[PDB]
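Visitor: Residue numbers (the authors' numbering), protein chains in the order written: chain A, 1 to 484; chain A', 243 to 484; chain A'', 1 to 484. A prime marks a further copy of an entry chain.
The beta carbon of each residue, even a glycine, is placed where N, CA and C say it ideally should be.
Here it is, the structure in full.
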Amino acid sequence: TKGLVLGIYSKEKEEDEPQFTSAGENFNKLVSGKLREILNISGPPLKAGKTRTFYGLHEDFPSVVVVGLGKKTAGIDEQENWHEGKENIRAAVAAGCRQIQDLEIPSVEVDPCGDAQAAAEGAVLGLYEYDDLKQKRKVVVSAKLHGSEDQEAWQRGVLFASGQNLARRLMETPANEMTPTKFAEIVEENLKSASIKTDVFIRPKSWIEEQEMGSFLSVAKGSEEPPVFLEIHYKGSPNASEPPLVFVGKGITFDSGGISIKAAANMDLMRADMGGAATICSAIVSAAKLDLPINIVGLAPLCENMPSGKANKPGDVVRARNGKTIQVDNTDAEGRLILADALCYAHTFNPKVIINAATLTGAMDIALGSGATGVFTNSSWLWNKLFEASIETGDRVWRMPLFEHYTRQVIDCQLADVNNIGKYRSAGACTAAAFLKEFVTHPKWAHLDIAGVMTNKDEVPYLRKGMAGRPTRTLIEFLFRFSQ
Amino acid sequence: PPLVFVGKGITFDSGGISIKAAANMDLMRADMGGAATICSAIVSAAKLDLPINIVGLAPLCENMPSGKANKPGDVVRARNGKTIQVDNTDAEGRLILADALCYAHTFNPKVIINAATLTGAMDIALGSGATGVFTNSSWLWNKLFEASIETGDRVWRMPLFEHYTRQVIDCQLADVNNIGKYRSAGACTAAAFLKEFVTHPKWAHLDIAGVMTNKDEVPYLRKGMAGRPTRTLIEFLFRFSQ
Amino acid sequence: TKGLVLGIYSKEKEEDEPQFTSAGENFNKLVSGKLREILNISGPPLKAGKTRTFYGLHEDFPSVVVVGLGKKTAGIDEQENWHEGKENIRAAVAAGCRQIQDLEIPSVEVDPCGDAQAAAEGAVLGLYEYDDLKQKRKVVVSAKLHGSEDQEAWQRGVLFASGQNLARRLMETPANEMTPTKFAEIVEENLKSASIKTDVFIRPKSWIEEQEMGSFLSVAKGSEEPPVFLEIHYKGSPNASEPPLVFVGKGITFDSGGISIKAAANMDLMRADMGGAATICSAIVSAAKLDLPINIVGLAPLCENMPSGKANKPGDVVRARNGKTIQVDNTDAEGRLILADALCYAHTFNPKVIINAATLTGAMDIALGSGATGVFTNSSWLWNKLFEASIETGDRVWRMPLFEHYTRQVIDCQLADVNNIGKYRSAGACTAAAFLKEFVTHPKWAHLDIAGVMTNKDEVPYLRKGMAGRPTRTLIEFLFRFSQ
Ligand SMILES: [Zn+2]
Ligand SMILES: [Zn+2]
Ligand SMILES: [Zn+2]
Ligand SMILES: [Zn+2]
Ligand SMILES: [Zn+2]
Ligand SMILES: [Zn+2]
Ligand SMILES: [Zn+2]
Ligand SMILES: [Zn+2]
């Protein structure tokens, strides 16, 4: 019927016993001390992220899962660059919800754990699973707030987590279903449901040609799947003329590498090479849901990178919208090609800031793995804003260098203005970033290389194995704070 | 109390049983760059007669394959009593550093700074643009960063997160594994391995693998071994002494 | 304090509710129906291998773990070639014991589940972990039979499982600790504790040289670690002159591949290249513990395979004890070299049967993986005996071919009588077997290639991740039945 998730903290030195949250304390009282009694009988105390289940304590809650929240006053961890208490809550609540789901319980009430937004994030991110294409599926669990005192915060958590889950769905869906057109249609419907103060333009190939986006076009042509340039507007500012914030995302729905073909092992994960587009578009959907008082534009060039008799050939020179020529030495360095055109187009909006996201390089994965998203930016103010937002969400960012040292290695080009792969194999994420900078003149630009945080195995406790949708929540938080 | 510097001194690294590829293996004669830079920095500090006490520690040896060599899977005991599963014999720098870092604590130092041409991952990460610095002290990061602005021999901070530690203490036979669970973030997991042998509050690990050589990146250095970031270390010491 | 593991079966069509075992039924009665009541409250029924924990049902058992046993009458599964009921019990009991251990309970009583030997095997194999070299260790759990009616069978299970766990320990231990000498000393002490009717001879290099075992010696020389030829005798037959059964095991304590050096990835697992020696020696220790009325001889050539200035060089020709010359084309095909000499020596005992085991080829792993041990034999009677024993133990065997087709590919040799690697890359396990057959004239010989069952991830539910010690129990069962 109905399950209940309650939290308990680690015992502090002067306490005689570990303390329940307010809800746990109230429930124990409701059952005349039976919860504390049974917890004591069960043995060792619950530590952070651990769970234990007690049956039959109340007729309304046949299964009660108690979860360890760790130290009650855990705040910002100076060494980890995140709010520890929030992370403990997300992990603990996710673990509790997965136990409720294993017991095949369709609905669960969740203890706010002193921070309803974090509790909601743990439950909603934790229960998520992409199973539309399977016969065998786990029970669908409906999680709601236990109590009625922390509603806005709980709902805020549901909203943030839902945005990330939308990104996860888009990334996880196989490329034959999640084509450029399909991705555009799903984003279009989600944005329109979020707010009527939106406009969506799924720009066709003819428009792309009119816009002289030769770099983007060169990538798309190898495949039979039609390319599209998704342009979305959210008019949240009270002043329609207020300069917008522009987000740009790499939308390669499937990357085979092209003529510079990839190895077979785990190439299926490349269905998520559109993660950059997924995260920035989902962030905008969420911003619209929150009705943030700001104008935002989202740009996402979308296409496949396939080998064929029409595909990009190593050595080919293409002309970007801005007139710059690019020597395509490696057709698998295609994300930067489509981004060159989208970044150029972004300047036409005279934006306040330009932020792009892309599952750009394997080098980024070798550099930081799934620990944090690499951020390249020409603005310390912007770096700081993204960094502060990440401490709150727990979806960490780490700064990477934008030095001429790297630029020199990409403009040293045999046939053109810029080469699409560096002179050497070193610092691949840095030279890719340098390539992108040659198409940016804006003073507040940030490039997020999310290749290393594309998937999750078990690193983030509250995300099941699969595409991660990171760092969608950090982007939403940045926008929220920016709007305030 | 002295400042303690520690340097990886592998005079030649063939990789051992987990043998390296032949191409450009000659550059491994510089796998003692960590020892070279910290020892040279101390020589210079002495020349300048800086008013500070400094201790330099440099474990030195070769890593070669033979009938007596480390075998993948072997478990060894560090000076501190911790056991280490040697899954890859080419991840040897962290093995010799574990013992030197333990010994460093005996001096009750003010700070502990180690340097090592530790991982190819660092090279893939930042190349020769800057030395990667892993530190549990923002004060120390800042001091090294400011010194680097002056010398031009740049440093860039890399993360010391439990996220990476988890991947090296998840070990089949011992307390810590000498290579991570996955291939991602090699410089970060190597740093995490080193941290398991450090309890000091002001420690910095400099992975100089990417700045080991110079082609033409630094205009004033001819092609060859670079000796970076020796000047940044000297500057740090000078300012520290003042 | 004390935990309890109880089993419950899957409900049969005409039953109103799933049936507990006799012990589960008795415990429920003891607590006035409280176990059934709480199990019903907890939800969906327990299926095979699943577990659920109930707290505070009895003062003597604060934690009771109920485990799903599947269908009560599950017997031999025609398609899987094993006794299904026994497999269900081993898996269920192991899962239950791991839950008790997670709760940090030091002692547990285990329901015999209608088959005490299988229950004991699940508990003892299930709880095993090699942690001698770690600071952090799980609680040591002492498992005993619940009740006093099935003692001999429970103890038989403990004995079989202990034999396998000894093999696992020997295989898991790092090679710098588990050297040829150390392995010999550990086996020596275990055999002597098992019975006084034993003799152990840790033969030194001088003896090996006297025995003209040039093939074995050629492998050992590349390393600084002294080689030994372990010879063990168990005189269990009433007639001292009764011909013995001879077991032979490949004891490469560490295999780097030698000059034909292995790749670095996962080379640490080669510390278990002595699995052949581990399994046959452990089987003999167990046979001695059981005091089987038969004479058995165990032979295990032990050494390392390392690269150095003295190592085997590709193309070198060596002379086996039997006078045959061998062209060592690949130094990593060393197991067959040391086995050639041990198999020759085995004939001197005028044995009834000769069975050898070896983690011999990667081809075997590509062929059957961890599903079953590959068995090559010139005797269908022997194949059948091993096959029947495996149905009982669940540690499956599968027959592989001994055809001249494969022999032709190894005697087609440029410099010698036989080549240590075949003409082609196909059928690697089959040509390796053919190589071994050139050193056997006995009419009842079986070669077990255990390379594919060297480790366990999660395939065998009752074995934690690590070296498996398979198929030790099948060997013990074969010996038991043979003795009867
Ligand atoms: Zn997708
Ligand atoms: Zn690509
Ligand atoms: Zn791509
Ligand atoms: Zn090395
Ligand atoms: Zn090295
Ligand atoms: Zn071993
Ligand atoms: Zn071999
Ligand atoms: Zn071998």
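Please report the distance separating the alpha-carbon of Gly24/A'' from that of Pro44/A''.
Guide: The residue you call residue 24/A'' lines up with position 24 of the third sequence. The residue you call residue 44/A'' lines up with position 44 of the third sequence. C-alpha separation (whole angstroms): 18 Å.
Visitor: How about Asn266/A'': is its Cβ closer than 7 Å to a heavy atom in ligand 7?
Guide: Looking up residue 266/A'' in the third sequence gives position 266. Checking the Cβ of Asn266/A'' against ligand 7 gives no.
Visitor: Between the Cα of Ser237/A'' and those of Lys72/A'', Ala287/A'' and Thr73/A'', spot the shortest distance and give me the residue it belongs to.
Guide: Here the question's residue 237/A'' lines up with position 237 in the third sequence. Checking every option, the nearest Cα to that of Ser237/A'' belongs to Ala287/A''.
Visitor: Under the DSSP definition of a beta bridge, which residues are partnered with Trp82/A''?
Guide: Here residue 82/A'' refers to the residue found at position 82 when the third sequence is read from its first residue. Partner(s): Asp77/A''.
Visitor: Give me the residue from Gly222/A, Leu292/A, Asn165/A and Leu479/A with the minimum Cα distance to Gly466/A.
Guide: For the purposes of this step, residue 466/A is identified with residue 466 of the first sequence, where counting begins at 1. Closest by alpha carbon: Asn165/A.
Visitor: For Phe435/A', return the contacting residues in chain A, with the cut-off set at a CB-CB distance below 7 Å.
Guide: Numbered from its first residue, the second sequence carries residue 435/A' at position 193. Those do not exist, as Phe435/A' stays about 14 Å from chain A at its closest Cβ, beyond 7 Å.
Visitor: Can you give the Cα-Cα distance for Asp131/A'' and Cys97/A, rounded to whole angstroms?
Guide: The residue given as residue 131/A'' occupies position 131 in the third sequence. The residue given as residue 97/A occupies position 97 in the first sequence. Straight-line Cα distance between these residues: approximately 32 Å.
Visitor: When every heavy atom of ligand 1 is checked, does at least one fall within less than 7 Å of the C-beta of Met171/A?
Guide: Taking the first residue of the first sequence as position 1, residue 171/A is located at position 171. Correct: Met171/A has its Cβ closer than 7 Å to ligand 1.
Visitor: Check the Cβ-Cβ distances between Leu103/A'' and every residue of chain A, and say whether any is below 8 Å.
Guide: Position 103 of the third sequence, counted from the start, is the residue given in the question as residue 103/A''. Yes, because at least one Cβ of chain A sits closer than 8 Å to the Cβ of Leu103/A''.
Visitor: Check whether the Cβ of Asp150/A'' sits closer than 7 Å to any heavy atom of ligand 8, and report yes or no.
Guide: Position 150 of the third sequence, counted from the first residue, corresponds to residue 150/A''. Because no heavy atom of ligand 8 lies under 7 Å away, the Cβ of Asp150/A'' does not count as near it: no.
Visitor: If you measure from the beta carbon of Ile261/A'' to each beta carbon in chain A', is any gap under 8 Å?
Guide: Counted from its first residue, the third sequence places residue 261/A'' at position 261. So, interface residue.
Visitor: Use the C-beta contact count for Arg321/A: other C-beta atoms within 10 angstroms, 16 or more gives buried, fewer gives exposed.
Guide: In the first sequence, the residue the question calls residue 321/A occupies position 321. Answer is buried; the Cβ neighbour count reaches 16.
Visitor: Can you tell me where the beta strand (DSSP E) holding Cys303/A begins and where it ends?
Guide: If you number the first sequence from 1, residue 303/A lands on position 303. Counting along the chain, the beta strand (DSSP E) containing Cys303/A begins and ends at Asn295 to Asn305.
Visitor: Which of the three DSSP states, helix, strand or coil, is assigned to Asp255/A'?
Guide: Position 13 of the second sequence, counted from the first residue, corresponds to residue 255/A'. It is a strand residue.
Visitor: Measuring only between beta-carbons, confirm whether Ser380/A' sits less than 8 Å from chain A''.
Guide: If you number the second sequence from 1, residue 380/A' lands on position 138. So no, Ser380/A' is outside the interface.
Visitor: Which stretch, first to last residue, makes up the beta strand (DSSP E) that contains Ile355/A''?
Guide: The residue you call residue 355/A'' lines up with position 355 of the third sequence. From DSSP, the beta strand (DSSP E) with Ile355/A'' extends over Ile354 to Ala358.
Visitor: Do you know offhand how far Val187/A'''s Cα is from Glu209/A'''s?
Guide: In the third sequence, counting from the first residue as 1, residue 187/A'' sits at position 187. In the third sequence, counting from the first residue as 1, residue 209/A'' sits at position 209. Taking the straight line from one Cα to the other gives about 23 Å.
Visitor: Determine which residues share a DSSP beta bridge with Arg399/A'' and list them.
Guide: As a working note, residue 399/A'' is residue 399 in the third sequence. For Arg399/A'', which the question treats as bridged, DSSP gives the partners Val375/A''.
Visitor: Based on the DSSP secondary-structure assignment, which residues constitute the bridge partners of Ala446/A''?
Guide: Reading the third sequence from its first residue, position 446 is the one you call residue 446/A''. Per DSSP, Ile355/A'' and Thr377/A''.
Visitor: Mind checking who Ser107/A'' pairs with in its DSSP beta bridge?
Guide: In the third sequence, the residue the question calls residue 107/A'' occupies position 107. Per DSSP, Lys2/A'' and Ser142/A''.
Visitor: Going by Cα to Cα distance, which pick from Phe54/A'', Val453/A'' and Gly163/A'' is closest to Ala468/A''?
Guide: Within the third sequence, the letter at position 468 stands for residue 468/A''. Minimum Cα distance to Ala468/A'' is reached at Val453/A''.
Visitor: I want to verify the contact list: residues of chain A whose CB lies under 7 Å from the CB of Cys430/A', in sequence order.
Guide: Here residue 430/A' corresponds to residue number 188 of the second sequence, with the count starting at 1. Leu368, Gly369 and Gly371, listed in chain order.
Visitor: Are the CB atoms of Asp395/A' and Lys134/A'' nearer to each other than 8 Å?
Guide: For the purposes of this step, residue 395/A' is taken as the residue at position 153 of the second sequence. For the purposes of this step, residue 134/A'' is taken as the residue at position 134 of the third sequence. Contact flag unset, no.
Visitor: When the Cα of residue 518/A is compared with those of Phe183/A, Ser390/A and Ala434/A, which residue comes out closest?
Guide: Residue 518/A lies beyond the range of chain A shown here (1 to 484); nothing can be said about it.
Visitor: Check the Cβ-Cβ distances between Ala277/A'' and every residue of chain A', and say whether any is below 8 Å.
Guide: Translated into the one-based positions of the third sequence, residue 277/A'' becomes position 277. No, no contact with chain A'.
Visitor: Does the beta-carbon distance from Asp316/A' to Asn305/A'' come in below 8 Å?
Guide: On the second sequence, residue 316/A' is found 74 positions in, with the first residue counted as 1. On the third sequence, residue 305/A'' is found 305 positions in, with the first residue counted as 1. Not in contact: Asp316/A' and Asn305/A'' (Cβ atoms no closer than 8 Å).
Visitor: Determine the contact status of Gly258/A'' and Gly309/A'', defining contact as a CB-CB distance below 8 Å.
Guide: Here residue 258/A'' refers to the residue found at position 258 of the third sequence. Here residue 309/A'' refers to the residue found at position 309 of the third sequence. For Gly258/A'' and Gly309/A'', no; Cβs fall outside 8 Å.
Visitor: Mind checking whether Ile338/A and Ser241/A have CB atoms under 8 Å apart?
Guide: Position 338 of the first sequence holds residue 338/A. Position 241 of the first sequence holds residue 241/A. Their beta carbons are not under 8 Å apart, which means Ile338/A does not touch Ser241/A by this criterion.
Visitor: Considering only heavy atoms of ligand 1, does any lie closer than 7 Å to the CB of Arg470/A?
Guide: Residue mapping note: residue 470/A aligns to position 470 of the first sequence, counting from 1. No, Cβ of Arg470/A sits at least 7 Å from all heavy atoms of ligand 1.
Visitor: Going along chain A in order, which residues have a C-beta closer than 7 Å to the C-beta of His405/A'?
Guide: Residue numbering aside, residue 405/A' sits at position 163 when the second sequence is read from its first letter. Simply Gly371 and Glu459.
Visitor: Specify the secondary structure class of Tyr234/A'' as computed by DSSP and reduced to three states.
Guide: Stepping through the third sequence from its first residue, residue 234/A'' is reached at position 234. Strand.
Visitor: Looking only at DSSP bridge pairs, what is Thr325/A linked to?
Guide: Within the first sequence, residue 325/A is the residue found at index 325, counting from 1. The partner list for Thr325/A (beta bridge, DSSP) reads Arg319/A.
Visitor: When every heavy atom of ligand 6 is checked, does at least one fall within less than 7 Å of the C-beta of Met306/A''?
Guide: Position 306 of the third sequence holds residue 306/A''. No, ligand 6 has no heavy atom inside 7 Å of this Cβ.
Visitor: Since I believe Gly70/A is in contact with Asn88/A (beta carbons under 8 Å), could you give me their beta-carbon distance rounded to a whole number of angstroms?
Guide: Translated into the one-based positions of the first sequence, residue 88/A becomes position 88. Translated into the one-based positions of the first sequence, residue 70/A becomes position 70. Yes, they are in contact, since the Cβ atoms of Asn88/A and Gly70/A sit about 4 Å apart, within 8 Å.
Visitor: Once the 5 residues before and after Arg470/A'' are set aside, which same chain residues still bring their CB inside 7 Å of it?
Guide: Locating residue 470/A'' in the third sequence gives position 470, where the first residue counts as 1. Contacts found: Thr373, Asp395, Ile450 and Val453.
Visitor: Just to check my reading of the structure: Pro314/A'' and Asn330/A'' have Cβ atoms closer than 8 Å, yes? What is that Cβ distance to the nearest angstrom?
Guide: Along the third sequence, read from residue 1 onward, the residue named residue 314/A'' stands at position 314. Along the third sequence, read from residue 1 onward, the residue named residue 330/A'' stands at position 330. That belief holds up - the Cβ atoms of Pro314/A'' and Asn330/A'' are roughly 6 Å apart, short of 8 Å.
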